[PDB]
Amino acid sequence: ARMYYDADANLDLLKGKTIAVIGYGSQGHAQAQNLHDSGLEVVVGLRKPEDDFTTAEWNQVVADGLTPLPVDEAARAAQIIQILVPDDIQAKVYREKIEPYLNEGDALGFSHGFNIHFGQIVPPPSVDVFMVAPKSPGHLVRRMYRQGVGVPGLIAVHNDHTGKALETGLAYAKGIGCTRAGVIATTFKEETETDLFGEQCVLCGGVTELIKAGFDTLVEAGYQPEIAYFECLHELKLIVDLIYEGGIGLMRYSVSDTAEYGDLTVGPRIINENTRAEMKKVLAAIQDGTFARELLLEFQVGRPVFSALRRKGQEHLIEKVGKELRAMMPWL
């Protein structure tokens, strides 16, 4: 893997330019504040204050010492526009408040490549397109920069038109602080497809249904739901913290030998070759555009499947018993 560190990004390449950071959410408040104390001219594109949220966010941008402009005004101002609004809204915001104000040599930036990769945003060919995706949440992107240590990041450039697209996004990477720890060269295609696959098969879909299937197994066998909650959900955090810290090996070293033996022999019975074949199918739906199509069509008819499955999950017994037991532990 190709790594880019400090001695690979020249922050002077941005002297005399403006960076529009559209949005001030998790990545927006973190990344815009990072580029300000890195010596770069930053404008923060938001909506005109109209209700309570758009005012409170506009006021907090001022409180941190940055300049807010309406999205069309920050986009007219800057030659480097980084879109950090929500993914499901990016197509409308770009089309209306960003697209008519693009010039040659301007560089368009993302932190997740779904919209570029699946053709929902198609910038003009005379425009640089880059991605800098940090591997840490917004509050950890901002808190770690103030501590002189970077968070690792992924770098991607989708269209090199000014001949310096890589160096230009590489400049943005140092501006937010990812080049300190090290930055991995990826593509929009790889970042988008792996992000969706991980979400679907492991981080969100896989683990929630593993948890629920375990809980259901115990409850259907007649064990107390309160006991099943502890053994299929609550105790998972301790285990995953260890994997996070020191890999699977640290976790297996820290649990009892009986648990490690059970892990080694039963894990592959639960997640077996049939499961691995299904993960391959799920990946193929991500690679061939049909998942993206399905999501996009779902949003166009008012999200009936998303609402129905969401509500079905909220009615699950594990959520009911969980609220009761979590009360008893206010220290979470």
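All residue numbers are counted from 1 along the displayed sequence.
Between the stretches 276-284 and 44-52, it is 44-52 that shows the larger average CA temperature factor.
When 196-204 is weighed against 171-179, 171-179 comes out higher, by mean CA B-factor as recorded in the entry. The maximum CA B-factor among the listed residues 310, 316, 15, 323, taken from the PDB record, is found at 15. In this entry, the residue among 102, 227, 185, 242 with the greatest C-alpha B factor is 102. Among the modelled residues of its chain, residue 265 has a C-alpha B-factor that falls in the lowest third, as given in the PDB entry. Residue-level temperature factors show residue 145 in the highest third of its chain, judged at the C-alpha atom. Among all modelled residues in this chain, the alpha-carbon of residue 258 has a temperature factor (C-alpha) in the lowest third. Among the modelled residues of its chain, residue 76 has a C-alpha B-factor that falls in the highest third according to the deposited record. Split the chain's modelled residues into thirds by C-alpha temperature factor. Residue 117 is in the middle one.
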